[PDB]
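Report on the following structure.
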Number of protein chains: 2
Amino acid sequence: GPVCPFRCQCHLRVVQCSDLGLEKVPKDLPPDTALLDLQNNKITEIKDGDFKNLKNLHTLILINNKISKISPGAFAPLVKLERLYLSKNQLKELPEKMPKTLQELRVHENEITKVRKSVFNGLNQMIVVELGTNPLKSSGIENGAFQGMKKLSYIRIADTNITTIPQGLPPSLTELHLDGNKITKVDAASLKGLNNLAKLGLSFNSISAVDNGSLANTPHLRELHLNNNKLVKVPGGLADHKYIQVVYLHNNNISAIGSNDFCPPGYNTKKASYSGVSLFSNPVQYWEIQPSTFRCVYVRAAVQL
Amino acid sequence: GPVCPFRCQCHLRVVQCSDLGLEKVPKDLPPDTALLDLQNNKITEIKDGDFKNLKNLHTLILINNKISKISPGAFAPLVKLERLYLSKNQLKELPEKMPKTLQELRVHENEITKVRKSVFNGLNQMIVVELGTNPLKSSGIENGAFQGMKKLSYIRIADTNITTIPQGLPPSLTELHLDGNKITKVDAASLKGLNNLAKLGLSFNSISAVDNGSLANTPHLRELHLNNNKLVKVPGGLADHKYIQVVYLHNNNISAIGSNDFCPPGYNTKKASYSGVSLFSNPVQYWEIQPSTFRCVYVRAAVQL
Ligand SMILES: *[C@@H]1O[C@H](CO)[C@@H](O)[C@H](O)[C@H]1NC(C)=O
Ligand SMILES: *[C@@H]1O[C@H](CO)[C@@H](O)[C@H](O)[C@H]1NC(C)=O
Ligand SMILES: *[C@@H]1O[C@H](CO)[C@@H](O)[C@H](O)[C@H]1NC(C)=O
Ligand SMILES: *[C@@H]1O[C@H](CO)[C@@H](O)[C@H](O)[C@H]1NC(C)=O
Ligand SMILES: *[C@@H]1O[C@H](CO)[C@@H](O)[C@H](O)[C@H]1NC(C)=O
Ligand SMILES: *[C@@H]1O[C@H](CO)[C@@H](O)[C@H](O)[C@H]1NC(C)=O
C-alpha cells in the first residue's frame, strides 16, 4: 500500500510535505491524493516517473524549490490537474505538454526567458496565468504564444524586462496586468480584438505615449491604471469611449488637460460615468484645469487632483 | 458590495492575491471567502481590523511576507479558521487568542524565540504544528506549553536551537519530529506519558545518550530515527519493547553491538517484527556483529549494515 513520507502529514486526500528539505518528489503516495504540497523543499528537477498514479490530483504546489528542469509531459499523467504552482524556482522556460485540464499556472519569480506558443496549445481550460518576476524580454515571447488558451480570462506579466504589450493575446481576456515592466508605448495593434477586456494594468512602466485608437480596441474597458509612467498628455479616446470608468494617471509628466480629454462636448447619455480619475503628482495643477473639463462627472469625489 | 483588489482573482470563494507586493491585508473582501491567499507580498503587520466579516474563512495563507507584529486576537473574528500559514515571516512570538477552530498552524522560518503556554490554551482542535527554522532555544519554551492542545497529533520543531526534548508534551501525540536541532540526550522524563507516540524523529542532532527507560515511555512507538547523531551504543530497551519496527542508527559513533541489543534472549511472540534497522556509517563493522544478534528478524533485507 501507499506510504506517507516521514515528517509529512497525509490526511483526507491532502499530502502535506512543506518545509522538509526534500530533494525529489516522493513516490508511492496514496492514489486518491487531491492536493500535494511540496512548498519550500530542495527539489531540483521533475523527472518522467515523478507523478504516476496521481490521477485525482487537482492541486500541485511546488513553490520555493530549486527546480531548474522539467521533462516534457512530466505533468501529463496528472489528468485532473487544475492548479500548478511553480513560483520561486529556477525554470528557464515553461513546461511542455501540461495536462489539458489546467486552469491556473503560476510561475512567478523564476528565470524564464522564453515563452513558446507550443506550451499553451490545447490548454483550453486555462483561466489564469501569472508570469511576473522573470528576466523575460519581449523578444522571448513568440507572437500569439497565449492564443491557444480559448478561455483565458487573466494574465499577469509583471516586474520583467518586457518593453511592449505582447501581440496576439486571446480575445477572451477580461484582465491584462503588465505592471512594473519597461514598456514605453501603448500601441493599438497589441490591443486589437480585446473586446472583453475590463481591466488594463500598465502601472509603473516607462510609457510616454498611447497610440490614438488604442482604447477604442478595448471598447468595454472599465479600469485603466497608467500611474507612474512618463505620460506627457492624457491618453486619446477617453471622451468617445463608452465604458471607461476608472482612469489612474497620477505620477506622470502631464503638463496640460484640454477640455474634452475626459468628456465629449455634449452630454452623451450612452457613455458610462467616471467613478475615479487620478491626476495628482503631475506638472498640471488644479488651477490650470478648466472647470468644464469634468462636466460629465457628477460624483465630485471621483476626480483626485 | 465587496471588492476584488486590483490584480487579485476572486472566484468561487477563493481570493487569490499572491505575488503583488501588497503592504497590508486588503479590506472589503467578499464575506463568503473560504480561502485567502496572501503569499509573497510585503505585509509588515496584522492589525485589529484586518480580518472582519470573514466568518467563513477556513484557510489563510500569509507565507513569505514581512510580518513582525500581530495584535492579540487579530485572528479571532475568523471563527471558522482551520489553517493558519505564517511561515517565512519575522515573528518573535506566536499570536495570542487564535480562533479555537484552528487545526494546523505553520510558522516555519520565522524569528521565534518564545513559545508561551497561553498561546495554546483552549486550542482543542489543533492537530498539526510546524515550528521549525527558528532561533528558538529550549529556555524559550515554557514547560507544558503544548499541553492545552488535547487532540494534537503532530508536532515538528526542526532546525532550531533546542537542546532538549520539550517537557509536558500532550499525550495525544502520535508524531514528534525534532530533526536537525542541537539535542544532546534523550531523557525518559520528556517522553513520559506519550503512549500514543508512533513516530519519533531525532535525526541530525548531537545525541550522545538515550536514558534507559526512555523508549519504555513510548510503549507503542513504531519508528525511531536516530541517524546522524553521536551515539556510542544502541539505545537501551529495544529488546523488551513490543512495538518498535523501524530503527535508524546510521551515521553515529556505535563501536559494538551486543547480542540482545535488538532481540530478547528467547523468541518473544508478543514483540513486533523489525522491518528496518540501519547501522551503516558507524565504527562497528558487519564482521563484528554476532549472527544471533538479529535472530528475531526474518526479512533479511530489513537489516542494513
Ligand atoms: C533584464 O535582463 C537582464 C539579462 O539580459 C537581467 O540581468 C536583468 O536583471 C533583467 N531584469 C529583471 C530584473 O528582470
Ligand atoms: C491623436 O489624436 C489627437 C486628437 O484627434 C491629435 O490631436 C493628435 O495629433 C493625434 N496624434 C497622432 C500622432 O496621430
Ligand atoms: C516631461 O516632459 C517635458 C516636456 O513636456 C520634458 O522636458 C521632460 O524631459 C519630461 N520628463 C521629465 C521626467 O521631466
Ligand atoms: C541560535 O541562536 C542564536 C542567537 O542566540 C542565533 O544567532 C543562531 O543563528 C541560532 N541558530 C539558528 C540558526 O537557529
Ligand atoms: C542502562 O541499562 C543497561 C542494561 O541494563 C546497563 O548496562 C547500563 O549500565 C545502564 N545505564 C545506566 C547509566 O543506568
Ligand atoms: C566516538 O567515541 C569514541 C570512544 O568510544 C571517542 O573517542 C570519540 O570522541 C567519539 N566521537 C567521534 C566523533 O569519534
³J(HN,Hα) computed for each position of region A:178-194 - Karplus, 6.51 cos²θ - 1.76 cosθ + 1.60, integer Hz, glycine/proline x: 9, 6, x, 9, 10, 5, 10, 7, 9, 9, 5, 4, 5, 8, 4, x, 7
Viscosity 1.306 mPa s, temperature 10 °C: give me the Stokes-Einstein translational D for chain A in µm²/s, with Rh taken as the Kirkwood radius over C-alpha pairs. 75 µm²/s
State, to one decimal in nm and shortest first, how far the label point of A:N253 sits from each corresponding label point in the other identical copies (label point: 7 angstrom along Cα-to-Cβ). 7.0
Within the set A:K27/A:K69; A:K114/B:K66; B:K27/B:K80, which residue pairs have Cα atoms separated by over 24 Å? A:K114/B:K66
Take every residue in peptide A:125-135, count the Cβ atoms of other chains within 10 Å of its Cβ, and give the average of those counts. 2
In order through region B:95-104: 3J(HN,Hα) via Karplus (6.51 cos²θ - 1.76 cosθ + 1.60), integer Hz, x for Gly, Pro: x, 8, 6, 5, x, 5, 6, 3, 10, 9
Excluding residues on the same chain fewer than 8 positions from B:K270, give the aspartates and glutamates whose Cα lies under 12 Å from its Cα. B:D240
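Please compute the average number of Cβ atoms from other chains found within 10 Å of each residue's Cβ in peptide B:5-12.
Mean partner shielding for this stretch: 5.
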Karplus 3J(HN,Hα) series, Hz, for region A:249-261 with 6.51 cos²θ - 1.76 cosθ + 1.60 (x for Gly, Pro): 10, 5, 6, 9, 10, 7, 9, 8, 10, x, 6, 10, 6
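Please return the longest range in chain A lying between exposed loop sites, taking chymotrypsin sites (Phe, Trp or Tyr not before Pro), DSSP loop only, at most 16 other beta-carbon atoms within 10 Å, and leaving the sites out.
Values: sites that count: A:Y243, A:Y267, A:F280, A:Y298.
The reported range is A:1-242.
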Between the label point of B:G144 and that of the same position in each other copy, find the distances and list them shortest first in nm, with every label point placed 7 Å from Cα along the Cα-to-C-beta direction. 7.3
Between copies, how far does the label point of B:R116 sit from its twins, in nm, shortest first, when each point is 7 Å from Cα along Cα→Cβ? 5.6
Are there trypsin sites (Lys or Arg not before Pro) in region B:202-305 that DSSP puts in a loop and that have at most 15 other Cβ atoms within 10 Å, and which ones? B:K230, B:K242, B:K270
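Quick check on my link table: of A:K47/B:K199; A:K137/A:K230; A:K117/B:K88, which ones sit more than 26 Å apart, alpha carbon to alpha carbon? Spell out each step's value before the answer.
Numbers: A:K47/B:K199 30 Å; A:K137/A:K230 20 Å; A:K117/B:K88 35 Å.
Checking Cα-Cα distances, A:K47/B:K199; A:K117/B:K88 exceed 26 Å.
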List the extent of the Cα atoms of region B:101-231 along each of their three principal axes, largest first, rounded to whole Å. 40, 31, 20
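Each value in this text was obtained by applying a stated rule to the coordinates, not by laboratory testing. With ideal geometry, Cβ positions are generated from the backbone for all residues, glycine too; neighbour counts draw on all protein chains shown.
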